[PDB]
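S.K.: Dropping a structure here in structure tokens format, bear with me for questions.
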Amino acid sequence: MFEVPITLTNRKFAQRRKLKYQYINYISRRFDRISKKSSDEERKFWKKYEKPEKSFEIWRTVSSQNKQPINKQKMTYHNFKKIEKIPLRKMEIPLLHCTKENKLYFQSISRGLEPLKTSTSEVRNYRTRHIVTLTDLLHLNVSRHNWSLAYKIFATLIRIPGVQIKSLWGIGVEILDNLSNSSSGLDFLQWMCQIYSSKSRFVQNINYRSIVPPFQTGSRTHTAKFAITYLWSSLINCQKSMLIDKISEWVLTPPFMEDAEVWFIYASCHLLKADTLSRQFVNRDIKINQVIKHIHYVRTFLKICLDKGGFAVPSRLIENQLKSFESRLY
Amino acid sequence: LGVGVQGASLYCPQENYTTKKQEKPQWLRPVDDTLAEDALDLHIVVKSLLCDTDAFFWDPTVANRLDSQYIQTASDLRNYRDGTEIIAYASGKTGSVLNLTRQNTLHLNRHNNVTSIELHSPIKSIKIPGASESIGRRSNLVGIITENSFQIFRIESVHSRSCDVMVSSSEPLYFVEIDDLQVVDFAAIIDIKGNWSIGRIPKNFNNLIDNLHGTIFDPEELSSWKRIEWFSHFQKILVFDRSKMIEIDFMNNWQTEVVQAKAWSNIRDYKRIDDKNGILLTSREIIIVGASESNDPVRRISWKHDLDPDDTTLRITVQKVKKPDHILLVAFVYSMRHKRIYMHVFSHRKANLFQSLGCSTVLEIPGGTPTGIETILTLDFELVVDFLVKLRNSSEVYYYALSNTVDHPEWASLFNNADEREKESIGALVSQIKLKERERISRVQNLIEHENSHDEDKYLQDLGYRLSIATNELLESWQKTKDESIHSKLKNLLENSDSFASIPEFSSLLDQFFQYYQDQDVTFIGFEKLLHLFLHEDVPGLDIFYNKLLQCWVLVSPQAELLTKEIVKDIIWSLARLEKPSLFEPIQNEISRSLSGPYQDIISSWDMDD
Amino acid sequence: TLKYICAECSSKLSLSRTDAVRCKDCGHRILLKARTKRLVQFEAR
Amino acid sequence: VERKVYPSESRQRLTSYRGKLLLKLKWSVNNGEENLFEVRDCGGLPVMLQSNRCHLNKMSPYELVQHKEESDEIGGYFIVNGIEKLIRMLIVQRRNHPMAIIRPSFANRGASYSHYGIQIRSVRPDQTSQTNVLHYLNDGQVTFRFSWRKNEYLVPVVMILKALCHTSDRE
Amino acid sequence: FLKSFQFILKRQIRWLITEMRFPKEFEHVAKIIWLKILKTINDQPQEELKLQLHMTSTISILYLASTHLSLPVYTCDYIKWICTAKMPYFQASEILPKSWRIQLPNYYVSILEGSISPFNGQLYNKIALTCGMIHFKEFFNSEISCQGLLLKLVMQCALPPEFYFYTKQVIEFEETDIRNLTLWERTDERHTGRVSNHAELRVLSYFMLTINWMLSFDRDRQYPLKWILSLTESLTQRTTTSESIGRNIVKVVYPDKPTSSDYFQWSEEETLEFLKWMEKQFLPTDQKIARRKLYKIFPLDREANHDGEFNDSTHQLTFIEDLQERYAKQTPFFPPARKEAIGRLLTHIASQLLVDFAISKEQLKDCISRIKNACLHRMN
DNA sequence: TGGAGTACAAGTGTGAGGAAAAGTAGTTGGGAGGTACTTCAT
DNA sequence: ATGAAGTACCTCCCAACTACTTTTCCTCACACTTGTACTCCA
């Protein structure tokens, strides 16, 4: 049922994906001239669209300048049988080079009729066949509130040659929820951000197989999902263990000039630091002008949080968090 | 209102963490973590039965062939009696027809009177949308889609004395445009393969499409999944495929691609929650609960959770559970390839502040996979939910209530022919072992009458002497046929070899006969180091081989004894391969085959290296 | 058995041909040569 | 794995103690209707020891011992290809104050130049200098000297003064 | 290729002599069978000879040595000792050669390691080829020890031992030259015979038709319908022996048939011993400091208070005693609804038998068609 | 009991379909300073 | 129609990542025809 961390590669899948986007290309250019009047064949295909690389889907805000009128020029049955016959007249001649089950596959998928067989379900590699066995028991026992057994599965899963970053960090909630012989859950996300710190530009031309951005890689203009999970973790872990200046230095050293969630967590570090020192044990020379810096960083990091892209802070309430904090100072 | 958004997207994935905090220093868990705390939540079924009646692919256009929702006809509007739940499913030879109250369990009405209206096309899509909660009423009309037409019915004036559901109809609008249409919604609004249209519904059933329309035709979308839903009753619709979501205001000229899902995911399912703001979307790889904007009701992209499975045939049902402080939403995704369900718990609160809890999964009955799962509204921390399933390639609809606290025809059709001539012919060979085992329950019982007899000790002495002369006849026939360079029976005797029932004393025949050959020309295999292949454990003795088998069939057989004697006897006279020749024979043969191969295969014929 | 020393983690470490000149526990490159048992002599002056 | 290089490592290697220089651009076309922002790797510039950008900054004499330094490591120098080098301080004219110099090599510059003159060294808030000499000719003419690229340009003073603000000739 | 393939064959035999205790004559029997197929490679035209070897064939000439010594091992106990990775079949190239690995071509070593399991009767067809390649007939004594196969299939499903003799009377009916269920030879074509010519396979449909006809035409009313439902659910029941948990491993490997994603219905303890089996999968199967550090944060052991020394006397019981639970479960011994319960057992006895012998549903369905329709053609 | 069409035992010619590991074709992240070129204005 | 001359923007650099064929394999189905196994019409 669950997703597998396998780079599984077979000619019969590489045929039916090569046969599909080739047919997609001809009907695309054939439609490029009909609306006007009124060398991989897939590396060419993805040069039209934008791979999101932050999200699984490139979402849009709508009540904006993304407006467009209704294209009331519809399609009907006469126009569609004539716009498909010239691809299929040129698509039938590579159909003598493929295997028969793909010529069985390509006809049915051309009229709707989605496939029912999962691509991992006929691999029979005997090593993937235990990876499918182990990940389906892993997500099951994570679901079944059974953490000592899901750890045994997960430790025996990462030791098989071939696994990937899918299972690696996401369901590393096991150490987080074991808490008896724990490796703290934060030694592992520090391990993830030490060896997967990537700064290479997202090239977007190569077909991606088995590695996918929006939850497991970390390129420029996209902080890794485990990186900002490491920062939200080691601030709550810092707070619950009352060390605040260590994370207040480790966030200081990267200037991620792109995303604002790394600036809000920076703004929240000094906010929690100014919260804690604002007790003062009166019932007084430096402890006055020490808090007044950490009020000031929160007001300069929340401002630069807002000049970046979309990260909607409740900036109104944060100013009231601090205006109460100087009253304890006064 | 928490903090960690993108604006255009808003996440809370599979148990890494939240992405937010406010740091509220108020001694009340100073955090607004999007993952609230409570204990576990298990679900146990309460099973029932409600009613009943190429293959490497599946069809996207056929969606639901049953429906069940609380309905409000025209008579219950005027009357103070209000609220009835019906069931409209498909049946027929090819599935071509269209046709109640809960006492303590949900069941079909006592009058068991289905209004089986019949059609001249297979039934594909059966649904009602229902109505809004600020209109004061519930709908009374169902729409269905078939391969010939598109029909709208209306439930009219349910009865209490007879449980009679008489209907009306709208006229079946056929294919004026020759392309198959997919999805109906009311809240005649239809979606054909590529293009959508708006219709005007009549109120007289005793004697059509409106003149405004549009399309979402992408040429490189080879699937046939189209889908339409109004968004918050404001004459704004949402039209779908497996690649993008489009928001269209047909009242203005306004159309916008909101979702675009070509690169790594695809849009699988979309169910409109009866909360007119919050609506749940099922992509692959993620579950999205995309709600509506506070200011202009267009589409807000709200708290979503990473769906761990990956498949092309996933659907979803969602049911609200209205609670005092908050609103819950469970989200059951089901698959046509297996039986496992997969859920989450969201908790909608006042200021569109809503959260996640976790996930859990439960099984089904092992014959078939869900082609339909449908919940029951129930007129409106002990998490309870009920629903009713319908499995693929079976037409029995069951009933389930989750609370907080097989002979296949393929094996049966191969047998049992209706030949009266060959009926007793099979029983005739049965009749052979009706007798012949009763022979051998007494032929061996005779040997049970002689325990350590001198007549059976004479017989082994007759046995081992009949094993002797045939042995020295057999070996000397191998001595003259030795130099061949080009076989072990111990069944040369033929009289009975089985008129001796004493298993340890048979080993005394067996052990002594092996000691008599100390020199060459014969080899013998073992029977203690080699008999462990049956009991799958260490078997040191053949008497305790028998003794753990004798203590294994104590209950099942009448007196159980002479069977256990002569199975073991039948094994040893089958494991009597004890006449392999000695060191002279294969070693002069292994050198003999080594010579016919050249120098090329000499070094390639070499053991004993590591 | 001739060995070396990693300058960082101080682990004693022999090194063969067709090896990356690195420590094998930390990944450190600067890798100083240890001294072995060998006779040198001095005037006590 | 990203590691944290210390200056004792950079002496053993006989390399520089370089820290990476980053620099984000603004490819603005048609006056800001369309912008492109690219943080570009501009090499590693060497870093002064025990400064902000050294790893020995906020660090104890106990930790300087453990990280292979002297316990009173002073810093203030760059490590460039193993050799420790430092930028020598200089003596330059005090900023923002018009000096009253006389100098014999002003009449060696042209005709009727006096030896008299006012010299100001103006610094910008990014510590970049700009020197403006104010000559006196024997005509009674007063000029204004500066150096822009490596050239040396002269202008009359009432061409500056009547370009700085709107001036009545009595003001 | 041959110097290493024989060495993988040598190491497979050297396991069975040590642990499964096949005697030191079994080593010699296989060498002639290896030398007669090594002489077969000689006789071909050596330029583009295109020799036929596969990893299915290292079981065959280990099974050809099994029936000549007339051993009670079967192909159920070859498909099990490879899928539990006991003898070097899967990844047979990963640990064995150590020098020949890199100087061998890529195509010859992917074949040489266990990339797939034999499926849909691929193992028998290689035996049927190899019995034709060398002349196993009339040089060896091809007599399959089918009597323990009936005995083991008694103990497989915990039936009364009358079934042992209800079967063997049927075998003595429908067989030309009553004895000698001979291993089939094929050297003539490339067409696998649609007869189910394999004598070890024909015992199954004999046993499938025996177990039906004694219960369907139950004239004596000896086997009651209370016992039938006390036999199906006694058999359709999950226990945690060493031998059934190894059969859980075999259900994992084969992906087409139903009851292949059966691991969802496992228990707690059936998963722990599977993970205790997993410490016999990893032993067959300069910036390595990342995995050195990740294995330090995920140690393979139980993190504290393990199950080695101070655990118990016995939790996990052997193959003899769960039978004594199944046999002591079926104590009641003293119609359109009867045959529906007959097909409960037939389905569960055959689907058990379908994974244990690596054949498709139609490979066994055809064997019913070539036995039952041959049993009445010979009767009438 | 003799005279012809279809149901199936019983033996046989064509390539096609499917794996994994070496080796390989594009976008990128990693660095050194003069040499070479073909014109054009007087 | 050249003798000189600054600029013709050439070059003069590798490696690493991640994908795509590429190398023969081995496995067989996939199915043909006349007799073998029964029932319609003289």
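Chain C is numbered as in Swiss-Prot; the shown residues are, in order, 26-70.
According to its header, this structure was worked out by electron microscopy, 2.9 Å.
Backbone N, Cα and C atoms are what each Cβ position is placed from, and that goes for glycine too.
Per Swiss-Prot, the features are:
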- C:31-51: zinc finger (ZN_FING)
- C:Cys31, C:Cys34, C:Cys48, C:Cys51: Zn(2+) binding site (BINDING)
S.K.: If you count other CB atoms within 10 A of each CB, which of C:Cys34, C:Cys48 wins among these binding-site residues?
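M.R.: Answer by Cβ density within 10 Å: C:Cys48.
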S.K.: Can you count helix, strand and coil residues in the zinc finger (C:31-51) using DSSP?
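M.R.: Reading the DSSP string over the zinc finger (C:31-51) gives 0 helix, 3 strand, 18 coil.
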S.K.: Residues sitting near the zinc finger (C:31-51): Cβ under 8 Å, six or more positions beyond its termini, same chain?
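M.R.: Same-chain contacts beyond the flanks: 57, 59.
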S.K.: Sequence gap of 6 or more, C-beta under 8 Å: which same-chain residues meet both conditions with respect to C:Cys51 (Zn(2+) binding site)?
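M.R.: Looking at Cβ-Cβ distances below 8 Å from C:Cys51 (Zn(2+) binding site), excluding near sequence neighbours, one finds C:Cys31, C:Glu33, C:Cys34, C:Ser36.
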S.K.: Provide the number of Cβ atoms within 10 Å of the Cβ of C:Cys31 (Zn(2+) binding site), excluding the reference atom itself.
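M.R.: Summing over all protein chains shown, C:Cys31 (Zn(2+) binding site) has 20 other Cβ atoms within 10 Å.
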S.K.: Other residues near the Zn(2+) site, CB within 8 A of the CB centroid of C:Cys31, C:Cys34, C:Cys48, C:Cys51?
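M.R.: The answer, listed by sequence position, is C:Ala32, C:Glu33, C:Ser35, C:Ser36, C:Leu38, C:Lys49, C:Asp50, C:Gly52, C:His53, C:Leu56.
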